[PDB]
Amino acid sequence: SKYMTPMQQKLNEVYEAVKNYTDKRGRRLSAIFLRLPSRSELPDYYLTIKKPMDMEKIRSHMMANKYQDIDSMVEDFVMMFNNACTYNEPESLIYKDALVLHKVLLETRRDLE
């Protein structure tokens, strides 16, 4: 019960791949995505985006063992990036960084096949 299953280890690897990805300048693109702005700070976010997601929530689902496979986790990452790209303009850094991380996620999944 203290030993992680292979699926649990794979989930953790994918999550850390996204979280730890660094660009050529050593920036971790995940930083903005770890925790959403609060409902008090950014109400127009929550009136627009119906299914809010951040990496804190993904990590929480992962620790409660709510992900029974890798695609379930990928789906929540992709919802997060889709939301970021819906709320923020295409010229924005957050939009751009979401595209890159979505690519990093898909590469990671493919490499762990």
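The numbering used is simple: start at 1 and walk along the sequence shown. What we label the rigid core is the largest C-alpha set whose atoms superpose within 1.5 Å from one form to the other.
Undergrad: Core-superposed in 8 other deposited structures of this protein, which stretch deviates more in Cα positions, 5-13 or 96-104?
TA: Stretch with the higher C-alpha RMS distance in 8 other deposited structures of this protein: 5-13.
Undergrad: After fitting on the rigid core, which stretch moves more in 8 other deposited structures of this protein, 70-78 or 40-48, going by C-alpha RMS?
TA: Clearly, after the core fit, the stretch farther away in 8 other deposited structures of this protein is 40-48.
Undergrad: I need to verify one thing: averaged over C-alpha atoms only, is the B-factor higher for 28-36 or for 63-71?
TA: Here the higher of the two C-alpha B-factor means belongs to 63-71.
Undergrad: Got a sec? Mean C-alpha B-factor, which is higher, 43-51 or 80-88?
TA: 43-51 has the higher mean C-alpha B-factor.
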